[PDB]
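Shown here is one chain on its own, the form deposited without guanosine-3'-monophosphate, set out as structure tokens.
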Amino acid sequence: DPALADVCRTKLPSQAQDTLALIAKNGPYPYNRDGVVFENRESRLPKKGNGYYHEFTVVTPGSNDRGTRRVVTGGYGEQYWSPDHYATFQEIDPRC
């Protein structure tokens, strides 16, 4: 599977960290599309079975738009950061 950078959880935008904490609490989430399956159609994340991955909005004050920033979870609690609606991913390192 392809090359993903690591990013320390503490180095993520405040809002990204907020999303990680909401995910850990099982919501309630701010958007209706929070928690929808991410199908990983570009194989940017490790290839897994159907429904392995889910996506959550990372709030962008930037406008009134929902925006492009996302966390994607895996089935065993993997966490990935994507600022750009899945064009790119980094693996979130829960240790730093």
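Don't overthink the numbering: it's just position in the shown sequence, from 1. Definition used throughout: the rigid core is the maximal C-alpha set that superposes within 1.5 Å between two forms. Shifts are known only where both forms have a C-alpha.
The discussion below concerns the form solved in complex with guanosine-3'-monophosphate, not included here.
Shown alone here, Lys47 lies farther than 4.5 Å from guanosine-3'-monophosphate in the deposited bound form, counting heavy atoms only.
Taking non-hydrogen atoms only, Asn40 approaches guanosine-3'-monophosphate to within 4.5 angstroms in the deposited bound form. Contact between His85 and guanosine-3'-monophosphate in the deposited bound form is found at the 4.5 Å heavy atom cutoff. Taken together, the three residues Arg9, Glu78 and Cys96 all stay farther than 4.5 Å from guanosine-3'-monophosphate in the deposited bound form, as judged by their closest heavy atom. Comparing the forms between the shown form and the other one on their rigid core, the Cα displacement of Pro61 reaches 2 Å or more. Once the core is fitted, the segment that moves between the shown form and the other one, counting only runs of three or more residues with each CA displaced by at least 2 angstroms, is 61 to 65 alone.
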